[PDB]
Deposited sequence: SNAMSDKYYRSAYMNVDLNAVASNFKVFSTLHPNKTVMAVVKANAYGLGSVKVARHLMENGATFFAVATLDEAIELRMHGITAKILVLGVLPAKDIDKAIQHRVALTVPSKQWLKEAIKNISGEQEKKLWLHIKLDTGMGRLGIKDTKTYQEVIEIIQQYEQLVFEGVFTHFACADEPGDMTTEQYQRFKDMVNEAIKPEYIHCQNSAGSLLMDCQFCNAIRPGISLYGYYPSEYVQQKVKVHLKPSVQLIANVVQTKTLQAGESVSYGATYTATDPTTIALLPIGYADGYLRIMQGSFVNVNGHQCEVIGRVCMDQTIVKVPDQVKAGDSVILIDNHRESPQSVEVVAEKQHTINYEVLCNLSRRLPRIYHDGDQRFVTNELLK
């Protein structure tokens, strides 16, 4: 548990994350829940959330990069880990060494990966084949090439065909694409022997459909308590618990008299108090947040002037003083400080709001009565 010396931090509720995970376990009781903790678990912290989820029965995680995988491995995570991106061929030995499964996006990739397998790392190379079934980006599109890759894997005892998966492009919105990909997926996967894991659903897909054919699900943002779109949120009645709060303590206040002003980038008409927050755009509270409202001791206050790199200014009631807690992002969907309202202010989606949260912010994890802190600057 790291120390921190600036009252600006994120509260991460691990009980909320464990509830969300159960919601998914409960919705799909016959499937393996492959917890997606890529991008540092969407800003919350891969390691701490992964440890926590393991203590609650998670046996499989998905990340974006091998760096993310080795990071969980260097911190005691022993569950299975699948890398969703394409590993540079050179690094194949490190995946083998660290027991990390890998995505095969193409035949070419597999062929180049084999060539870089020196014999120093002799454990198995677990492989999940990615299939392209719709808005084709990454993955194998034709069944023939798919059989050929499987056929290649079967020449080497060291390579295991552990999974096959696909990703939906529009599942968080109305349309027949998703169901069209699902059928395309089965049509590809049926023309060859099935591997252990068959997974096609993200958060949207898992909350909206059952997909009996896909024995593993990959919930993401919803683990952290957020709906992947308004459509899904208004569609299903499952309850997800937001897990994040962004907080800052007022460090100083000044009273402007009518006629006096302050220049952070504001002139007062009546007597007004201003509070100085030690948080700014380098923490991920972007400049475009100007004019948004934040919660001070219960009341909505306006963010004035411009947001600076390390400071933010707020028009507040006179009684507010140094030490008062300010909630910039709250843990409730129907809140003027919800991740969604902030995303709207940033003209983006909830994913990016959490992702912008910089390393300069400590993560303070809550589990029942327990409290623990991670401060990257001092790690």
Deposited-sequence stretches lacking C-alpha coordinates, listed in sequence order: 1 to 4, 270 to 271
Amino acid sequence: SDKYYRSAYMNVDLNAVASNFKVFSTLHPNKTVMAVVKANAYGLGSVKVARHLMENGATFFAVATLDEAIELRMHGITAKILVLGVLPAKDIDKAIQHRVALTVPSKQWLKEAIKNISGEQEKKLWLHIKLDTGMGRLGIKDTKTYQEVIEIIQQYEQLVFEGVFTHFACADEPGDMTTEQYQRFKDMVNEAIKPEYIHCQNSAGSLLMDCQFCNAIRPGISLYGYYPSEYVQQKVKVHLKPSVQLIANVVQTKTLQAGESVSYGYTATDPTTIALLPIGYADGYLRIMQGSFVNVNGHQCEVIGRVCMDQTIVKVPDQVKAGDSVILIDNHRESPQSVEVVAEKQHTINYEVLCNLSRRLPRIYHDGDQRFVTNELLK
From here on, numbers count along this sequence of modelled residues.
Comparing 73 to 81 with 175 to 183, the higher average Cα temperature factor in the PDB entry belongs to 175 to 183
Once average C-alpha B-factors are taken from the entry for 316 to 324 and 57 to 65, the winner is 316 to 324
Select one of 163, 242, 259, 205: the residue whose C-alpha shows the highest B-factor in the crystal structure entry. 259
Tell me which of 250, 127, 138, 309 tops the list for C-alpha B factor in the record. 138
Give the position of residue 213 by CA B-factor within its chain, expressed as the lowest, middle or highest third. highest
Within-chain third of residue 344 by Cα B-factor, per the entry: middle
C-alpha B factor of residue 283, ranked within the chain: lowest, middle or highest third? lowest
Chain thirds of CA B-factor: placement of residue 103: lowest
CA B-factor placement of residue 169, once the chain's modelled residues are sorted into thirds: highest
